[PDB]
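As structure tokens, the structure follows; a few thoughts come after it.
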Amino acid sequence: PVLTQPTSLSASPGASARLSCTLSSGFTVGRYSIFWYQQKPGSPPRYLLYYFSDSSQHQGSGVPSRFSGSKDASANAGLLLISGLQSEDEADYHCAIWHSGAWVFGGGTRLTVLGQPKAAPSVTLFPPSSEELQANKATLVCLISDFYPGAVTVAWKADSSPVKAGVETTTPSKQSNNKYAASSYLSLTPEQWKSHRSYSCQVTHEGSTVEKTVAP
Amino acid sequence: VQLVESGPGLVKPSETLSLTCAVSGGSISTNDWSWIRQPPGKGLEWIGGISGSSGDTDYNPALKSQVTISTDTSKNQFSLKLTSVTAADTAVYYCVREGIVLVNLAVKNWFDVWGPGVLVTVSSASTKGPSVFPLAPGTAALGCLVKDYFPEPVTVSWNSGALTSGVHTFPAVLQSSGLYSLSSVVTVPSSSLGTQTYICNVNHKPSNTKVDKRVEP
């Protein structure tokens, strides 16, 4: 994209967060004002600040000084710096620039402020049921649970080959144990399911990748 | 100042998405306004802006052929029209009052006051009850797949609500077909598999359907 932001980031309370907004090479960061927004769950984004340079910037009203902007010329990136991290700072942080008659947004970075021990995900993968197959359908169900922070990436494979078509994945949400869970689905035809040696659901969470495999 | 987006939550593909933003404690004529949307689990996208004073507009070039943004100073509103919608137009839609400040004689605009946002779903699907399939299994995980229903929501219980421990029901996905699917799972002792009967109870009020599926090893 024009603006590239890391999908997620985590840091401890009282520490500092450095959120990057990398502009593609056609857009020299030195020429652009970078706008930042903070979005908390089920709530609209909140204007934090904009930064062009030390002599050209403005803080949003009600936004504390611990939120500040900066730039990394060598990385061609706008930066949102957050000092003295509090649990309330946990949010989706969006960067934006203006160019040629349109606003452009980054993908947003989900910042977690660590409030419990990290935990690798447990993965359970269900093959298509006999009943579903007999109804001329096939669905693989990958259930992911017990992980923290609540950011994972899900990849499906047919044999050893990646598969993107027919994939739907839910946003992770907390269960009763205060840890996150999510679900992913792979839609197939009964013949696709029966003609392959195996299918796999592969889940990445920080430094770990957990993969389960089913076969017809 | 308060902004409240209003409009149909469901639009059929190729049809027109219409939304109104009611503004209170402020005047339309004295500010700039913008529409912004956010597809489920995705980032933001600026749709377009309108000047409350001149009525002139500025639309996102990638959305040019779809967008109409107008104002109604009479009722202190401003509206969004998106023609010929597709699945890409499924999103939470925000109406926004723009902020404006002069820094070194340069005009800086930002998104100042936001409405709560409204979800608009694009689907050709009509009301349809779910198909429920068993997810057959120390401890053992079993569940039921609640597939191809419309619209939301459904609720799931186990053994008529007598089983709650270890029960986890996941959020629904919107498939490319325009129908929803979700799954519920429960973790039970393996030794109970041959003695205990496990049934998931699925309730879909919009179609007045309840489906009970016995899940067996």
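Values reported hereafter were calculated over all heavy atoms of this structure, with side chains retained and with hydrogens, waters and symmetry mates removed. The chains referred to below are lettered A, B, ... by the order of the sequence lines, with proteins before strands, and numbering in each begins at 1.
- Atom CZ of A:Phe126 is separated from atom CG of B:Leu142 by 7.0 Å, given to the nearest 0.5 angstrom.
- The distance from the CG atom of B:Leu17 to the CG atom of B:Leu80 is 6.5 Å, given to the nearest 0.5 Å.
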*Carefully, step by step, assess A:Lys212 and A:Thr124 under the rule side chain to side chain donor-acceptor pair (under 3.5 Å).*
CA-CA 7 Å; A:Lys212 303 293 290 190; A:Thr124 293; over 6 Å; no
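- Across every non-hydrogen atom of B:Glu152 and B:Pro206, the tightest pair is O-CG, 3.8 Å.
- For A:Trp36, there are no ring-ring contact (aromatic ring centres under 6.0 Å, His included) partners two or more places apart in sequence or in a different chain.
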*Checking side chain to side chain contact (heavy atoms under 4.5 Å, CB included) for the pair B:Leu135/B:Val185: CA distance, chi angles, key distance, verdict?*
CA-CA 8 Å; B:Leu135 298 178; B:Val185 67; over 6 Å; no
*With side chain to side chain donor-acceptor pair (under 3.5 Å) as the test, would you mind laying out the steps for B:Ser157 and B:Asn201 before giving the verdict?*
CA-CA 5 Å; B:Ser157 66; B:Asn201 323 101; 2.9 Å; yes
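- Within the 4.5 Å cutoff, the side chain of A:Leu186 has no heavy atoms near those of the A:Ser184 side chain.
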_One pair to check against ring-ring contact (aromatic ring centres under 6.0 Å, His included): A:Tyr37 and B:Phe111. What are the steps and the verdict?_
CA-CA 9 Å; A:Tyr37 295 84; B:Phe111 306 116; 5.8 Å; yes
*Could you go step by step and tell me if B:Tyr59 and B:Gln66 meet the side chain to side chain contact (heavy atoms under 4.5 Å, CB included) rule?*
CA-CA 9 Å; B:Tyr59 303 146; B:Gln66 280 184 284; over 6 Å; no
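- Between A:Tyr50 and A:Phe35, the ring planes are parallel. Angles under 30° get that label, and only those over 60° would be called perpendicular.
- Atom CG of A:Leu143 sits about 8.5 Å away from atom CG of A:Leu125, to the nearest 0.5 Å.
- The only member of A:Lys40, A:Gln38, A:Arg66 that meets side chain to side chain donor-acceptor pair (under 3.5 Å) when paired with A:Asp89 is A:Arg66.
- Residue A:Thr171 comes nearest to B:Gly41 through the heavy atom pair OG1-CA, 4.2 Å, listed as atom of the first residue, atom of the second, then distance.
- Checked against ring-ring contact (aromatic ring centres under 6.0 Å, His included), B:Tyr180 has the following partners two or more places apart in sequence or in another chain: B:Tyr149, B:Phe150.
- In terms of the ring-ring contact (aromatic ring centres under 6.0 Å, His included) criterion, A:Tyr51 has no residue partners (sequence neighbours excluded).
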*Check the pair A:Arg46, A:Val63 against side chain to side chain contact (heavy atoms under 4.5 Å, CB included), reporting the backbone distance first and the verdict last.*
CA-CA 9 Å; A:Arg46 161 208 185 185; A:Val63 180; 3.7 Å; yes
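- At least one donor-acceptor pair under 3.5 Å links the side chain of A:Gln59 to the backbone N or O of A:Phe67.
- With sequence neighbours excluded, no residue satisfies ring-ring contact (aromatic ring centres under 6.0 Å, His included) with A:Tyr185.
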*With ring-ring contact (aromatic ring centres under 6.0 Å, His included) as the test, would you mind laying out the steps for A:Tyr32 and A:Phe52 before giving the verdict?*
CA-CA 6 Å; A:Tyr32 292 88; A:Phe52 177 84; 8.7 Å; no
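- No side-chain donor-acceptor contact under 3.5 Å links A:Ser12 to the backbone of A:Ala15.
- The nearest pair of heavy atoms linking A:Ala119 to A:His205 is O-CE1, 3.3 Å.
- Without hydrogens or angle criteria, A:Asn76 side chain to A:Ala73 main chain gives no donor-acceptor distance under 3.5 Å.
- In this structure, A:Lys174 is not positioned above the aromatic face of A:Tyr148 in the sense of NZ or CZ being under 6.0 Å from the six-membered ring centre and within 45° of the axis.
- B:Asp89 places no side-chain N or O within donor-acceptor distance of the main-chain N or O of B:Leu82, the cut-off being under 3.5 Å.
- With contacts defined as side-chain heavy-atom distances shorter than 4.5 Å, the pair B:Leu3/B:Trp33 qualifies.
- Between B:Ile47 and B:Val67, the closest side-chain pair of non-hydrogen atoms falls below 4.5 Å.
- Between the side chain of A:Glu211 and the backbone N or O of A:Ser200 there is no donor-acceptor pair closer than 3.5 Å.
- The two residues B:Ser207 and B:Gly129 make their nearest non-hydrogen contact at OG-CA, 3.4 Å.
- In this structure the side chain of B:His204 never reaches within 4.5 angstrom of the side chain of B:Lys210, judged on heavy atoms.
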*Does the salt bridge (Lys or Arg N to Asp or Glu O under 4.0 Å) test come out yes or no for A:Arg18 and A:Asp72, once each step is laid out?*
CA-CA 11 Å; A:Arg18 180 184 185 274; A:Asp72 188 332; 3.1 Å; yes
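- Aromatic ring orientation, B:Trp110 versus A:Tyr47: parallel (interplanar angle below 30°, classes split at 30° and 60°).
- In plain terms, the two heavy atoms of B:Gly48 and B:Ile69 that are nearest each other are C-CD1, 3.4 Å.
- A donor-acceptor contact shorter than 3.5 Å links the side chain of A:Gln5 to the backbone of A:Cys95.
- With hydrogens and angles disregarded, a donor-acceptor distance shorter than 3.5 Å links the side chain of A:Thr170 to the backbone of A:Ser183.
- For residues 33-82 of chain A, no pair satisfies disulfide (SG to SG under 2.5 Å), with sequence neighbours left out.
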*asked:* salt bridge (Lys or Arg N to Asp or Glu O under 4.0 Å) for A:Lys137 and A:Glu132? Distances and angles first, verdict last.
replied: CA-CA 5 Å; A:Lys137 285 180 161 55; A:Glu132 187 183 20; over 6 Å; no
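- Checking side-chain atoms of A:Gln175 against main-chain N and O of A:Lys179 turns up no donor-acceptor pair under 3.5 Å.
- Side-chain contact between A:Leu23 and A:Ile34 is present, with at least one heavy-atom pair separated by less than 4.5 Å.
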_Run B:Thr164 and B:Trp158 through side chain to side chain donor-acceptor pair (under 3.5 Å) and show every step you take._
CA-CA 7 Å; B:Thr164 57; B:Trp158 287 86; over 6 Å; no
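- Legend: side chain to side chain donor-acceptor pair (under 3.5 Å) pairs involving residues 114-128 of chain B, not counting sequence neighbours: none detected.
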*asked:* Run B:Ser34 and B:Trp46 through side chain to side chain donor-acceptor pair (under 3.5 Å) and show every step you take.
replied: CA-CA 8 Å; B:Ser34 287; B:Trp46 177 74; 3.3 Å; yes
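- Two residues are said to be in side-chain contact when any heavy atoms from C-beta on lie closer than 4.5 Å; B:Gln2 and B:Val113 fail this criterion.
- Here the closest heavy-atom approach between residue B:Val156 and residue B:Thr169 is recorded as CB-OG1, 4.0 Å.
- Side chains of B:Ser79 and B:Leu19 form no contact here, defined as non-hydrogen atoms less than 4.5 Å apart.
- Two residues are said to be in side-chain contact when any heavy atoms from C-beta on lie closer than 4.5 Å; B:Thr16 and B:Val11 fail this criterion.
- Distance alone, capped at 3.5 Å, places no donor-acceptor pair between the A:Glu90 side chain and the A:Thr112 backbone.
- Listed for the B:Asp56 side chain is no donor-acceptor partner under 3.5 Å among the backbone atoms of B:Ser51.
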